[PDB]
Every structure is written in C-alpha cells, then in structure tokens.
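> Provided hereafter are the protein sequence and its experimental coordinates.
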Amino acid sequence: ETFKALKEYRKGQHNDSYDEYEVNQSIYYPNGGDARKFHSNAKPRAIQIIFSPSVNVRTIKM
Amino acid sequence: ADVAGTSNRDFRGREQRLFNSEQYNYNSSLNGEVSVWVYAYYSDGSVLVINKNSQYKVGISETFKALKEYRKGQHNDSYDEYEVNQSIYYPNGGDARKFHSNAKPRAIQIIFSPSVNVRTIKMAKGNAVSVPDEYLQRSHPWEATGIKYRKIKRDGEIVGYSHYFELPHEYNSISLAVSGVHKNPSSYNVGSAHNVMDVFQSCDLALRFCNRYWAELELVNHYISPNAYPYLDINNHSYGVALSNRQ
Amino acid sequence: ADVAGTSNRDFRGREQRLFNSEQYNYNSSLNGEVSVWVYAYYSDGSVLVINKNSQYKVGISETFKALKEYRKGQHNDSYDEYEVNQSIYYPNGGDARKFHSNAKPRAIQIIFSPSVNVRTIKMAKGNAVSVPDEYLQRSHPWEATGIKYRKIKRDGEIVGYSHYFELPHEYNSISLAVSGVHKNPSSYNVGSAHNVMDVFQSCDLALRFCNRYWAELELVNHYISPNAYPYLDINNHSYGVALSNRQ
Amino acid sequence: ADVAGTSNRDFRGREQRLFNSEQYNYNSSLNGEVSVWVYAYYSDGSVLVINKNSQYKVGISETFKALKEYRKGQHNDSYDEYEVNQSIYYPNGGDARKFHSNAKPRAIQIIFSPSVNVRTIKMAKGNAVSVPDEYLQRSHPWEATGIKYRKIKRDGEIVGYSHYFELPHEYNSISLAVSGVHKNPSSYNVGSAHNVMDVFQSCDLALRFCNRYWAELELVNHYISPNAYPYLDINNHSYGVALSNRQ
Ligand SMILES: Nc1nc2c(ncn2[C@@H]2O[C@H](COP(=O)(O)OP(=O)(O)OP(=O)(O)O)[C@@H](O)[C@H]2O)c(=O)[nH]1
Ligand SMILES: Nc1nc2c(ncn2[C@@H]2O[C@H](COP(=O)(O)OP(=O)(O)OP(=O)(O)O)[C@@H](O)[C@H]2O)c(=O)[nH]1
Ligand SMILES: Nc1nc2c(ncn2[C@@H]2O[C@H](COP(=O)(O)OP(=O)(O)OP(=O)(O)O)[C@@H](O)[C@H]2O)c(=O)[nH]1
Ligand SMILES: Nc1ncnc2c1ncn2[C@@H]1O[C@H](COP(=O)(O)OP(=O)(O)OP(=O)(O)O)[C@@H](O)[C@H]1O
Ligand SMILES: Nc1ncnc2c1ncn2[C@@H]1O[C@H](COP(=O)(O)OP(=O)(O)OP(=O)(O)O)[C@@H](O)[C@H]1O
Ligand SMILES: Nc1ncnc2c1ncn2[C@@H]1O[C@H](COP(=O)(O)OP(=O)(O)OP(=O)(O)O)[C@@H](O)[C@H]1O
Ligand SMILES: Nc1ccn([C@@H]2O[C@H](COP(=O)(O)OP(=O)(O)OP(=O)(O)O)[C@@H](O)[C@H]2O)c(=O)n1
Ligand SMILES: Nc1ccn([C@@H]2O[C@H](COP(=O)(O)OP(=O)(O)OP(=O)(O)O)[C@@H](O)[C@H]2O)c(=O)n1
Ligand SMILES: Nc1ccn([C@@H]2O[C@H](COP(=O)(O)OP(=O)(O)OP(=O)(O)O)[C@@H](O)[C@H]2O)c(=O)n1
Ligand SMILES: Nc1ccn([C@@H]2O[C@H](COP(=O)(O)OP(=O)(O)OP(=O)(O)O)[C@@H](O)[C@H]2O)c(=O)n1
Ligand SMILES: [Cl-]
Ligand SMILES: [Cl-]
Ligand SMILES: [Cl-]
Ligand SMILES: [Mg+2]
Ligand SMILES: [Mg+2]
Ligand SMILES: [Mg+2]
Ligand SMILES: [Mg+2]
Ligand SMILES: [Mg+2]
Ligand SMILES: [Mg+2]
Ligand SMILES: [Mg+2]
C-alpha cells in the first residue's frame, strides 16, 4: 500500500479531500503543499502486521 | 559629548535601561495587568489560545464543549460532534460514528504573566458536565495548584509561570476554569471598601482574546513573540523578553 | 468480629453514614458549591439546561435569543429566526414566515442546590429586549422570588429548591437572569475585606454547562440522575439523593 | 596530516568516491531495486506519475480510465466523463457533451532506472478496451521496445532510460502496461528454483507511488530532483546524479 492508501478514508462522509491532496504534497516534499493543518489526523498512528500460524516467520519481509 | 558606552554620562543607555525596568515594575504594580492564557492543543497540531487581561485578578472559564476544536469556515462534523458530546456527558449516551473526537484537547498549558502571585492560583478542573470532584456535594470548587507552576525564564528573569498537563487518555474529558490574583506585596487590599468597586469594574473591563492557530510554530511566531508574551514550547524552550535592569 | 447489623461495632455502617453526612454538610459549608440550573422546555419535548456551579454565590444570565432552541448540527431556520426575533423585539418589526417560533421556550424551571439560602434568590425576568419591568427607569433590577421556590424532597430531606413558570402565551417573551447566595449561618461575611478577593476568583472559577436534551426522560436518565442533582419532573415527582444521616 | 586534495592519503576523498560508486553498483546488483515510471501529461500542464520500485523485475499496468486526469478534491465532470468513456470504448457509444476530454493524456514518457536491462523491456500498449493489437486473437501481449529507449545522461553516465510518445491525435486512446527486468549479467537465474519464491515475494513487496503534479517544473523540483531520479524534460534536458567513480 502507498502512503495515501493507508490514510483514513471515511466512506460516505466528508474527508477534507482537497486539503488532504495539499497535505500529501507537503509530506512528499517538505513545504511542497498548501495545507491548512500541521498534522493530518488521517495519518496512521501505529501499524500492526499479523500473520497466520501457517507462515514461516523466517520468510517474512517488509 | 562623552563617547557612547564609556562613561556614567551615556544618558541614552540609562534611559534605555530605565525604560525596560519601568515596564517590568509597572506590570507588577497594582496599576498593571495580570494575564492568564489557556492553550488547548489538538491532535492536528493546532492550538486554541484563550487569553484574558485585567487588573487586580484575572481568570478564564470554559465548558467541555468550548474547549473542543472548532475550525472557522470549514466543516466540523457538527451533528456527529453533538452526538459525541452526549456520549462524553454520559457513558453510551450518544449515537456518534467515532470512538475518539479529534476535536478533544490532547493537552492544556496554563500560563500566567509575571505580575501574578503564584500562591493565589486556583484551578477548577471539572468533569465533562462541569463538576470539579466527581459529585457537586464533595467538590471543593478549586485546587490551589501554584506549586506545580514552573518559572518561564529568559536571561535569569521570571517572564511568567507555566502549568502543563496532558490529556492523552480516553477519559481525559474536562471542563476548565483558572484564576489568579495580581501580586500585592502591600497591606492595601484592592478589594477592601476603598477600592472594591474598581475591582467590580475590572470584571467588566477585562479584555479577552481567542483564536485557533494552525501550529505551535505559528503561535510562537505570530501570537507569543510579537506581543512579548511568555511561552514554553514542546521542546521545553522558554520564550519571553527579560526587562528588569537590562537594555 | 461482631456480626454485621447487630451492634454499635458495625464500623462499616458508621462510616457509610458518616460518608453520606459529610457530603451533605460539606456542600453546605462555606467551602462547598452552590449551584443553579435553568431548564428551558421546548414544544418538541427537548430541554435546554444551563448549569452553573461555584463557591459563595452563583447565577445564570441569558438573553431572549440564547434561550431559544438551537439544534446543533441540524437546520434551525436561522434567517427566518432572525426575522422572528426582530418581530419579538418590536411589534411588527420583522418579516418572519411564522406566527409563533417553536424555538421559544414554553416553560422555565429554576432549580437551586440545597446549599443555597432561599431568601437570597433574586430573578431578573426581563422583556425580549432585556428590561426587567417595562422601562429601565422604573425597573428594579430583580425580584426576590424565594417564597415561590418549592422544596424538592427525597426521604424527608430537602434535595433542592424549584421555581417553575410556564410561558404558554404568545407574549411570554423573556430574557432571564437568576442569582443565589450560598448559605452562610455564620457572621463571617465571605465578601468582607478578609475574603472578598476569593469571591472575585469564584466569579472566574464558576464552571458552566449547557446542552439540549431531546426529552425530559433523557434529562432524568442522563443529566439529573448520574450526577445526583435535584429535579422535579412534569408529573411532580422529586428526584435527588437524601444524604444526611443515611446509609 | 597530509593536506586535503594533494595526496593518495586524502581518505575523505576516497571514501566519498567509494560511497557514490557503492550506491551505483548496489542499485545494479541483484540485491538492488529496478524502477519504472509512467508519466501521463495532460493538456492543463499537469502530470500524473505512477512509479513502481521492486527487486528483480518491475512493471506498471493501467486501464484507459486510470490514466485520465483526476483532480483530487476538485470537480472532474465525473458523470460526463463516464459518458465520454462509453464513446471512447465504442464509437458513438456514449452521450457526452464534449468532443475531446481534456482528461485524456497528451503524451506518455516511460522511464526506467539504470538497473534495468533495456533488452528486457516490454510494452502492452492497448486500445481503450485493453486489447494490445486490434483483436485479442492476433494480439501479441507485448512489444519489445527497448531499441527506442534513449539514454538519460548526466556527466557521461547513464542515469536511466527514456521512451517518450505523444498522443496528440483524437484516436490516441490507450490502456498501458510496461515491464522491465533488473540487469543480471550472471548465469544465476533469479527465478530458477533456488530463488523463485523470493521473486514471488518481490511481487508483493513492490512499492507503488502516484500523484498528479500541477506542472513539469513541480515534477522536476519536487518529485525527480529530491529523490535523485532520472528525467528528461520537454526541452530535452537530462536530470539525474552521476555516481560511478565520482565525488
Ligand atoms: N553576563 C555575561 N554575559 C555574557 C558573557 N559572555 C557572553 N555573554 C552574553 O552577554 C549577554 C548579557 O551581557 P551584558 O548585558 O552586557 O552584561 P550584564 O550581565 O547584563 O551586566 P550590565 O549590562 O553591565 O548590567 C548574555 O545574555 C550573554 O548571551 C559573560 O561572560 N557574562
Ligand atoms: N422509617 C421507616 N421506613 C420504612 C418503614 N417501612 C418501610 N420503610 C422503608 O425503609 C426506608 C428507611 O428505613 P431505615 O433507613 O432502615 O430506617 P431509618 O428511619 O432511616 O432509621 P435508622 O437507619 O436506624 O437511622 C424508607 O425509605 C422506606 O421506604 C417504616 O415503618 N419506617
Ligand atoms: N573532466 C573535465 N572537467 C572539466 C574541465 N573543465 C571544467 N570541467 C568541469 O569539471 C567537472 C569534473 O571535473 P573532475 O571531477 O575534477 O575531473 P574528472 O574528469 O572526474 O577526474 P577525477 O575526479 O580525477 O577522477 C565537469 O563536470 C566539468 O563541468 C575539463 O577540462 N575536463
Ligand atoms: N557565559 C556566561 N557567564 C556568566 N554569566 C552569563 C553567561 N552567559 C549569560 N550570563 C548571565 O547569567 C545570567 C543568566 O543568564 P542565562 O541566559 O544563562 O539564563 P536563562 O536564559 O534564564 O536560561 P538558559 O540560558 O539556561 O536557557 C544573566 O545575567 C546572564 O546575562
Ligand atoms: N411507612 C413508613 N412509616 C413511617 N415512616 C416512614 C415510612 N416510610 C418511610 N418513612 C420515613 O419517614 C420519613 C419520610 O420519608 P418519605 O419517603 O415518606 O418522604 P419523601 O420521599 O420526602 O416524600 P414522598 O414519599 O411523599 O414522595 C423518612 O425518615 C422515611 O425513612
Ligand atoms: N571541457 C571539458 N573537456 C573535457 N572533458 C570534459 C569537459 N567538461 C566535462 N568533461 C568530462 O567529459 C565527460 C562527459 O561530461 P559531460 O557533462 O560533457 O556529458 P553529459 O552531462 O552526459 O552531457 P551534456 O554536457 O552534453 O549535457 C565527463 O567525464 C566530464 O567530467
Ligand atoms: N488548502 C485548501 C484546502 C481546502 N480548500 C477548499 O476547501 C473546500 C472544501 O473542503 P474540501 O478540502 O474539499 O473537503 P470537504 O468539502 O470538507 O469534504 P470532502 O472531502 O467530501 O470534499 C474546497 O472547495 C477547497 O476549494 C482550499 O481552497 N484550499
Ligand atoms: N451520528 C450521526 C452523525 C452525522 N449524521 C449526518 O451527517 C450529516 C453531515 O455531517 P455533519 O455531522 O452535519 O458534519 P458536516 O456536514 O460534515 O460538517 P458541518 O459541521 O459543517 O455540518 C448530517 O446531515 C447528519 O444528518 C447522522 O445522521 N448521524
Ligand atoms: N423571512 C424569510 C425567511 C427565510 N428566507 C430564506 O430562507 C432560506 C433558507 O431558510 P433559512 O431561514 O436560512 O433556514 P434553513 O436554511 O432551513 O436552515 P438553517 O438555519 O441551517 O439556515 C434562506 O436562504 C433565506 O434567504 C427568506 O428569504 N425570508
Ligand atoms: N452527459 C451528461 C453530462 C452531465 N450531466 C449532468 O451534469 C451534472 C453535473 O456534472 P457532473 O458530470 O456530475 O460533473 P460535476 O458535478 O461538474 O463535477 P464532479 O465530477 O465532482 O461530479 C450531473 O448531475 C449530471 O446529471 C448530464 O445530465 N448528462
Ligand atoms: Cl501600586
Ligand atoms: Cl465553613
Ligand atoms: Cl548480486
Ligand atoms: Mg455520503
Ligand atoms: Mg465556510
Ligand atoms: Mg539564556
Ligand atoms: Mg450539520
Ligand atoms: Mg419517599
Ligand atoms: Mg473537495
Ligand atoms: Mg554535462
């Protein structure tokens, strides 16, 4: 998944989509965008990766 | 004329120093302002400041709601944020579509001007329904929190006082009032019969400011620094201007 | 150990009773809260509550407008309700599309906590333009209405005071302020020189709450009962918790 | 110590040169990335880039639709652009209100990193319904277009490969997939039994990027240059950083 695809998207509700385009331009390059926020709350705060017990843990790659 | 910076007759230097010292000591006379700021920090990096400036005593009181992020001119999920509030006022009382409102403050910094007597500072830190200590019946209307206030320092000088508390837990749902009394080292009570009605007029004359800034950098650059206010940023850096006996 | 509920040595029972009595009497000491609620009832079954909690004295003041129903996050005919207000402030002064705003309160209940002295209660019940008695010139700024306050009772105990008045007529268009002083049976004046500045700080430290609940049942279930507030519902039933000398 | 820039003992210089050469040769080892970019140029000056970065082999596949300009957060005539698509998929199949969608790409540049073997490059340049050569039955799924790829050069060094084709005619309506294999001068097949499952994992591990930049200048300034990517702008200027044996 891309940086964008991981950001919160609320189906059927408002998502500041124009400003969140601006936000992305400023994450892809310092001062590259014209957002109205310092931090997008749409950005993930944490990630958990889980595998099933059928995986060989020594084969996991990130 | 004597050369600059070489004698007791640099009258420009002596006036500069008196000009700064006069402003330090006027602030702290009974003629001067006492000022309080409450900063509500939101998870989006923005900062609501509420400032009140007034003579003798000053305070700020705000409801749980009034402290939540409000973005002027932009969408604020206002219907859902009504639902959200009903669920904060009573467990499972609302019908929101979120677990945590990002409009809720993550931290609060209370700052006072150096004209306050830190021993007079009182905080009413209530629950979401504006009750200081769980039930009204056993609530002392305030706590004297002055002992927790750190000195904001610049150049060896106290430029103000800071109390900072995070609200990082889901139950950190608050209403907030805070009060301080202007320094009075004299035995002239500013609220005794002779001057009490001037204090009632200071209640009316207290000037208020609030605004949401987009970032702490914007607060530092455009709120704090232009006005010579004290501040303590997230990295523990002190902002202010030391005035007492300096040029 | 002695068996529970059979001796003078049930120390769990004695502590329970002291715990409740301590909260009754702390409320009513000069250290405790005095609280006022104004309930605006709307024709749609909803109820605006405004609560203020503070030491020594407490009050609420609201304009004609601030008392009108406002539905957060939903449509409120705001343009027409501007027009409506102009016609309430002066006969035929506006251009509304309704005869009666359903946003206008149908009734008001004023409740005080049992820490109030009912003889200190004062009401400024103004006209729509905030004039207590027809013209400012002959207006006494208040009326001492304490004699009309019924005791809210639970188990033989006063859990608060209620004044209720309907606004069912087309001309019942009001602004409203109400004030009460915390019980002081002592001859220590809380606003004499020794303690006057603490009273000025209680003005700042007074905590406020308001919210519109959808129904009286929701007020009873989720505002009144969770917080141990007194209430008197439309069917004349008293809500509260009797604390003095009980388990 | 020896003076800088005068001897075989400038170890800072030798390390700088090794640091750059190590990055050139790591890219081109079987451990390194191979990267493809497709740039869709629109008549409004904007540029969609789709980048994929992965080990062993890399490619991008996009439908006719996915290549059309989409302006995040702004209006895109989406209903009419549905109608537009129906008329591109079949002559006179839709009910649009335009002859030519300005959302259609005017040109495409395909760039590969210098870790590709140009002889392994394959393009499936289909019609609007995703058929490479008029009908599926006589379609070879790809063309080996490597011979058309120009070297992007900086300082004498190949910083990547470019194939550029305009789409300036009304019938230049395309779907597009493009594929390249990482350089392997060895006789160790990266997809033989010993390493085949790592190649299946590189399919999952391939990282993707896309974004629409407002202008080629913004692509050059904020996409290409910050990341040390190769580029060839409209004026035939080569961008990249020469690394092999330089400081
Ligand atoms: N006091 C002091 N300041 C120094 C020294 N070295 C650099 N400084 C800088 O000089 C600034 C203040 O110097 P001055 O104002 O001229 O000295 P002062 O201590 O205020 O004494 P007076 O101005 O004569 O009353 C400080 O904020 C420092 O950043 C030093 O050794 N002593
Ligand atoms: N006082 C009283 N309560 C009764 C009686 N019958 C039923 N009750 C119930 O019992 C409740 C209170 O009883 P208790 O608290 O045990 O008695 P008390 O009058 O408070 O006396 P103490 O607890 O010993 O101080 C009331 O609220 C009633 O609902 C009765 O005959 N007398
Ligand atoms: N090679 C070369 N570069 C020149 C000359 N004149 C100016 N330059 C500039 O110098 C740059 C590279 O010079 P150097 O890197 O010091 O020389 P080099 O050819 O890389 O040789 P080494 O660094 O010793 O391995 C070029 O990109 C030119 O812009 C010249 O006559 N020969
Ligand atoms: N190098 C120095 N040696 C002695 N005194 C100094 C020196 N630098 C500054 N001072 C003086 O010592 C006093 C304290 O100044 P200083 O700037 O160190 O404190 P501050 O601004 O409150 O805290 P900080 O520098 O730790 O952020 C002032 O009178 C200042 O002019
Ligand atoms: N059956 C009873 N006989 C005698 N005393 C009772 C009885 N029931 C309750 N009491 C006691 O008499 C006092 C009055 O209690 P009670 O519940 O009747 O008043 P209340 O709650 O203020 O009013 P109400 O019951 O009319 O709504 C309390 O001490 C209570 O414990
Ligand atoms: N004036 C020069 N004389 C000789 N060699 C040079 C000169 N300038 C640069 N070089 C060297 O010759 C080689 C080719 O460098 P050059 O910059 O001319 O090629 P380029 O960047 O691929 O193409 P271009 O300059 O035409 O855009 C490099 O080793 C470079 O350092
Ligand atoms: N930096 C920004 C951010 C927003 N906007 C304006 O904000 C308006 C509405 O906000 P938007 O970012 O589009 O989000 P919403 O409309 O609130 O919700 P949604 O994601 O559904 O569009 C847009 O018309 C856009 O022009 C702007 O001019 N400049
Ligand atoms: N629990 C909720 C939350 C929201 N909504 C619907 O969400 C719609 C729009 O969301 P809203 O909460 O009103 O916020 P926005 O419209 O996105 O922005 P604003 O604060 O300006 O209204 C409203 O019509 C409301 O009916 C709802 O039905 N139930
Ligand atoms: N006497 C009136 C009353 C209403 N309107 C028109 O009614 C329209 C919409 O009604 P409004 O009073 O604004 O209420 P709503 O839009 O229904 O809801 P809200 O309070 O959110 O605006 C407004 O544009 C206003 O121009 C009017 O022209 N004259
Ligand atoms: N051939 C077409 C094209 C457009 N429309 C009407 O055009 C209206 C608005 O244009 P639309 O194509 O939806 O684009 P926009 O609304 O301008 O922008 P967006 O892509 O955000 O919807 C739509 O309601 C659609 O019914 C139509 O009836 N027939
Ligand atoms: Cl003074
Ligand atoms: Cl007391
Ligand atoms: Cl290798
Ligand atoms: Mg929707
Ligand atoms: Mg707006
Ligand atoms: Mg310093
Ligand atoms: Mg709404
Ligand atoms: Mg009873
Ligand atoms: Mg938008
Ligand atoms: Mg060159």
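Cool, the structure landed. Numbers count the residues shown, from 1 in each chain, chains lettered A, B, ... in the order given. Ligands and ions are numbered 1, 2, ... in the order given.
> is stretch A:40-55 up against chain D anywhere?
No - Stretch A:40-55 does not reach chain D (C-beta under 8 Å from any C-beta of the partner chain); its nearest approach is 11.9 Å. C-betas here are computed from N, CA, C, even on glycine.
> is that stretch anywhere near ligand 7?
No - judged by C-beta under 6 Å from any ligand atom, stretch A:40-55 makes no contact with ligand 7; its nearest approach is 10.3 Å.
> who's in contact with the residue in chain A positioned nearest to ligand 17?
Ligand 17 sits closest to residue A:14 of chain A, with a gap of 10.2 Å, by C-beta to the ion. Residues in contact with residue A:14 (C-beta atoms under 8 Å, 6 or more residues apart in numbering or on different chains) are B:75, B:77.
> make it 7 Å
residue B:75 (C-beta atoms under 7 Å, 6 or more residues apart in numbering or on different chains).
> Kindly report the same for the one 3 residues further on.
Applying C-beta under 7 Å, 6+ apart, one finds that residue A:17 lies in contact with D:72-73.
> hmm, 10 Å instead?
Contacts of residue A:17 were listed using C-beta atoms under 10 Å, 6 or more residues apart in numbering or on different chains, and they are A:9, D:72-74.
> With residue A:12 instead?
Counting by C-beta under 10 Å, 6+ apart, residue A:12 touches residue B:97.
> so where does it fall, helix or strand?
For residue A:12, there is no helix or strand it lies in under DSSP states H and E.
> cool, and residue A:2?
Following DSSP H and E, one finds residue A:2 outside all helices and strands.
> so how far is chain D from residue A:50?
Separation of residue A:50 from chain D (C-beta to the nearest C-beta, to the nearest Å) stands at 16 Å.
> count of neighbours near that residue?
Using other C-beta atoms under 10 Å in any protein chain shown, residue A:50 is surrounded by 5 other residues.
> Confirm that it sits in a helix.
No - read with DSSP: H, G, I helix; E, B strand; the rest coil, residue A:50 is coil and lies in no helix.
> does the residue of chain A closest to ligand 17 count as helix, strand or coil?
coil.
> In chain A, what residue spans correspond to helices?
Taking DSSP state H as the test, the helices found in chain A are A:17-28.
> In contact with the residue of it found nearest ligand 6: list those residues for me.
Nearest residue of chain A to ligand 6: residue A:29, at 24.9 Å (C-beta to the nearest ligand atom). By C-beta under 10 Å, 6+ apart, the residues touching residue A:29 are D:218, D:221-223, D:225-227.
> Residue A:62 now?
Counting by C-beta under 10 Å, 6+ apart, residue A:62 touches A:47, A:49, D:205.
> Any idea how many residues pack against the closest residue to residue A:26 other than its chain neighbours?
Excluding the flanking residues, the one nearest residue A:26 by C-beta to C-beta, 6 or more residues apart in numbering or on different chains is residue A:33, at 3.5 Å. Using other C-beta under 10 Å, residue A:33 has 17 other residues around it.
> likewise the one 10 residues further on?
The local packing of residue A:43 (other C-beta under 10 Å) involves 14 other residues.
> mind checking how far it is from ligand 7?
Distance, residue A:43 to ligand 7, using C-beta to the nearest ligand atom, to the nearest Å: 16 Å.
> Distance check, that residue against chain D.
Taking C-beta to the nearest C-beta as the measure, residue A:43 falls 16 Å from chain D.
> same check, this time on residue A:7
The gap separating residue A:7 from chain D is 12 Å, by C-beta to the nearest C-beta.
> contacting residues for residue A:40?
Per C-beta under 10 Å, 6+ apart, neighbours of residue A:40: A:7-8, A:16, A:19-20, A:22-24, A:26-27, B:43-45.
> meant to ask about residue A:15, not that
Contacts of residue A:15 by C-beta under 10 Å, 6+ apart are A:7-9, A:42, B:75, D:73.
> If we ignore the residues flanking it in sequence, what's nearest the residue in chain A positioned nearest to ligand 19?
The minimum distance from chain A to ligand 19, using C-beta to the ion, falls at residue A:18 (4.1 Å). Ranked by C-beta to C-beta, 6+ apart and with sequence neighbours excluded, the top spatial neighbour of residue A:18 is residue D:73, at 2.6 Å.
> Now tabulate the contacts of residue A:29 in JSON lines and tack on distance to ligand 4.
Output for those, formatted as JSON lines (distance: C-beta to the nearest ligand atom, whole Å):
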{"residue": "D:218", "distance to ligand 4": "41"}
{"residue": "D:221", "distance to ligand 4": "38"}
{"residue": "D:222", "distance to ligand 4": "37"}
{"residue": "D:223", "distance to ligand 4": "41"}
{"residue": "D:225", "distance to ligand 4": "39"}
{"residue": "D:226", "distance to ligand 4": "35"}
{"residue": "D:227", "distance to ligand 4": "39"}
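> contacting residues for the residue in chain A positioned nearest to chain B?
Proximity of chain A to chain B (C-beta to the nearest C-beta) peaks at residue A:38, 2.7 Å away. Residues near residue A:38 by C-beta under 10 Å, 6+ apart: A:23, A:26, B:42, B:44-47, B:213-218.
> Apply 6 Å and report the result again.
By C-beta atoms under 6 Å, 6 or more residues apart in numbering or on different chains, the contact list for residue A:38 reads B:45, B:214-215.
> and which of those is nearest to ligand 12?
Nearest to ligand 12 out of these is residue B:45 (C-beta to the ion; 46.0 Å).
> quick revisit: I'd like to know which of the contacts of residue A:40 are buried.
Buried by 16 or more other C-beta atoms under 10 Å in any protein chain shown: A:7, A:16, A:19-20, A:22-24, A:26, B:43-45, out of those.
> which one of the residues you listed sits closest to ligand 11?
residue B:45 (41.6 Å).
> From ligand 8, how far off is that closest one?
20 Å.
> do you know how far residue A:13 is from chain D?
15 Å.
> for residue A:39, same thing?
As judged by C-beta to the nearest C-beta, residue A:39 and chain D stand 18 Å apart.
> Equivalent analysis for residue A:58, please.
Shown here: residue A:58 relative to chain D, a distance of 12 Å by C-beta to the nearest C-beta.
> before we move on, what about residue A:42?
Counting by C-beta to the nearest C-beta, the gap from residue A:42 to chain D is 13 Å.
> and which of the contacts of residue A:40 is nearest to ligand 5?
When these are ranked by distance to ligand 5 (C-beta to the nearest ligand atom), residue B:43 comes first, at 47.7 Å.
> re earlier: go through the contacts of residue A:62 and say which is closest to chain C.
Using C-beta to the nearest C-beta, residue A:47 comes nearest to chain C of the contacts of residue A:62, at 33.1 Å.
> Please report phi then psi for the closest one.
In terms of degrees, to the nearest 10, the main-chain angles of residue A:47 are phi -140, psi 130.
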